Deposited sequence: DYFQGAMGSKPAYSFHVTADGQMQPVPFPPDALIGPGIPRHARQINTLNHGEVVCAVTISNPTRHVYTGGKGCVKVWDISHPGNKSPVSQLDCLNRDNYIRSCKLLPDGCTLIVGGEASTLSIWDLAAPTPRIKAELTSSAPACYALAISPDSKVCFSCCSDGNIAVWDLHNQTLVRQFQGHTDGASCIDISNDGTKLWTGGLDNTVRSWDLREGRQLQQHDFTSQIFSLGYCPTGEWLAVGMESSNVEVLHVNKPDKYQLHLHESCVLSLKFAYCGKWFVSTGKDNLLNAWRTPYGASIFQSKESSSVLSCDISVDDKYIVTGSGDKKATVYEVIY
């Protein structure tokens, strides 16, 4: 059993309009659905840099993406291994379909493997040499892939056919999220921009320009907010429509992953600086911080918000139990 203890830090969360520190409301650090802390419960010794992590629904299995393979762990040694691509190249993203019987694996290879849960059901073949990020539509019919050439590939998962290729981003598309169904696509890139896309009419809506590259992004499940993890080490929380934005300074290096909890009240960000930071939506009050042994490359939160899994540069994954 653990108990809260209040700390303070020099001003790290600012309102941008020029910067002014955020005066936190009383429900910033404590409230229903607000975690008190995160407790490490497992270490998954993958043995390769873990670039992608996904948690099963219901929570039982953890999928870790390393060099050439996906390892499946029973969190109640791997229970199985999924060989997807050349054992010299990294898996960059693996997404489960809502039901949980299908897994889509992307990486440093031209093909996306669709696994039945195990064997390869099908293989979508792209023109691009690599996939850096994947997103599945809430309806489980479409898959969005962020290509190395900056394009966004739109796949029809039923017929295993390409439907379209968005304008993307120049130099590479690094991250993706779907808008609370499911008409807007948000992508980030190495061209210092975040772009929104009309999924019904098929093309670009908005463009947010930044001073550095975007490595991660998340769309708030209760809507309104988009959280952006940058090369600069800053996290920016922008309103989709309003001009108000927050700038968060608790990372000392690149913000590599970002994930909102399903209730939308809080989110996590992970850095090259060994930190997993939990933040209050939207002004970024610091809920908890966990320091790891190496760079934290990827993260996932279970659909019930009870567990967090992180992928590490120390060639492992860590499972945390979120304590309320």
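Self-check item: Sequence order list of spans that the model leaves without C-alpha positions, deposited numbering
Solution: Gaps vs deposited seq, in order: 1, 19-21, 81-85, 127-130.
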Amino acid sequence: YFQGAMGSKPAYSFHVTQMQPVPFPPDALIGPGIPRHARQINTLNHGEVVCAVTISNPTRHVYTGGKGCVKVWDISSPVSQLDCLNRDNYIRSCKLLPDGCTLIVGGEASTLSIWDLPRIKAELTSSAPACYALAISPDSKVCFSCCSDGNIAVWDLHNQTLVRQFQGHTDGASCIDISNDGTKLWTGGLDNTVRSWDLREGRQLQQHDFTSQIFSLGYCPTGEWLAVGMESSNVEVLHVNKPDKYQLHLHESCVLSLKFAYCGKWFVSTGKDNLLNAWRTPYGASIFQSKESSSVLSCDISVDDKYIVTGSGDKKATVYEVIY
From here on, numbers count along this sequence of modelled residues.
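Quiz item: Of 154-162 and 131-139, which one has the bigger average CA B-factor?
Solution: Mean B over CA atoms: larger for 154-162.
Exercise. Would you determine, from the values in the PDB entry, which of 228-236 and 241-249 has the greater average C-alpha temperature factor?
Key: Higher mean C-alpha B-factor: 241-249.
Quiz item: Which one of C175, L103, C84, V72 shows the biggest C-alpha B-factor in the PDB entry?
Solution: That would be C84.
Exercise. Tell me which of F215, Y219, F144, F210 tops the list for C-alpha B factor in the record.
Key: The C-alpha B-factor peaks, among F215, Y219, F144, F210, at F210.
Quiz item: Relative to the other modelled residues in the chain, which third contains the C-alpha temperature factor of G188: lowest, middle or highest?
Solution: Lowest third, going by the recorded CA B-factors of the chain.
Exercise. Using the B-factor values recorded in the entry, state whether the Cα atom of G31 falls in the lowest, middle or highest third among the modelled residues of its chain.
Key: Its C-alpha B-factor belongs to the middle third of this chain's values.
Practice problem: State the tercile, meaning the lowest, middle or highest third, of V303 with respect to the CA B-factors recorded for its chain. | Solution: Lowest third, going by the recorded CA B-factors of the chain.
Quiz item: For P10, does the deposited CA B-factor place it in the lowest, middle or highest third of the chain?
Solution: Answer is middle: the recorded C-alpha B-factor places it there.
Exercise. Divide the modelled residues of the chain into thirds by Cα B-factor and specify which third, lowest, middle or highest, holds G68.
Key: It belongs to the highest third of the chain when residues are ordered by C-alpha B-factor.
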